[PDB]
Each structure stands twice: as C-alpha cells, then as structure tokens.
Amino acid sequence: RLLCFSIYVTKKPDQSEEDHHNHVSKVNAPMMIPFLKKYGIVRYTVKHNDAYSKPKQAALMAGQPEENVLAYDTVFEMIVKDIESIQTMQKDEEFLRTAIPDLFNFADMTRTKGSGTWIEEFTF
C-alpha cells in the first residue's frame, strides 16, 4: 500500500498569484526534487489553482455552490512507501536550511493544511 502526504497551501499574503505560482514551479520544485529523489518519494504532484485553471474548474463545478469549491492556491502531494521517508527528509539538515525557509517566500504559513492517506493508482 502506497501512502500520500497532501499539503494544502494558501499563498503568501500580498503575493501576486502569478508570483506565487512562478516561485512554486521554477524555484521551489528544483529545490525539492533532489530531496524527493534521495529519500525515495515515488511521485510528487503540484496542483495549481490560478487564472489558467479557473475557467476549467468553473466548468467542471458548474451548478455547484461556491462553498463546495475546495480551493487552495497550491496543493503538493508526495506518494511514498513509508512515511519515515518523509519524516527523514523533513529533518534532513540541508532541508531545514533550504526548503523550510523557502516556504515563507510563497506560503501563508498560518493557514497550511494537510492529510495522510493510502492510495490506489491507475494509469492508461
């Protein structure tokens, strides 16, 4: 059974949505990727809710009341075989001085939410 760690990010207050998502894709992702590789993350997914995706979300959610649109600026998902992979990553000396301070440059750190699940996956 594979597990999934989901991180639901509200963008830094005052930060443009364009600045937020550019930082996430162009700076945070290449910062993250070496740690994810080193600690055996199977899959990493970054989900963006911005001007580009919003009309598609509005079409998919047509006929739903707005409070049914569970919308965060960015959602990260890490799929792993064991949560110890993630906990060891997060305490990695280098992680604490790179990925952790970078959070304050794109996330409202008073509002983050998360979940841990077991998953089934299908590809075609």
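The numbering used is simple: start at 1 and walk along the sequence shown.
Mean CA temperature factor is higher for 81-89 when stretches 94-102 and 81-89 are set side by side in the entry.
For the pair 26-34 and 59-67, the mean B factor over Cα atoms is greater in 59-67.
For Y44, the recorded CA B-factor ranks within the middle third of the chain. Only modelled residues enter the ranking. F76: CA B factor lies in the lowest third for its chain, per the PDB record. Sort the chain's modelled residues by C-alpha temperature factor and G116 lands in the lowest third, per the entry.
Ranked against the other modelled residues of its chain, the C-alpha B-factor of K11 as given in the entry falls in the middle third.
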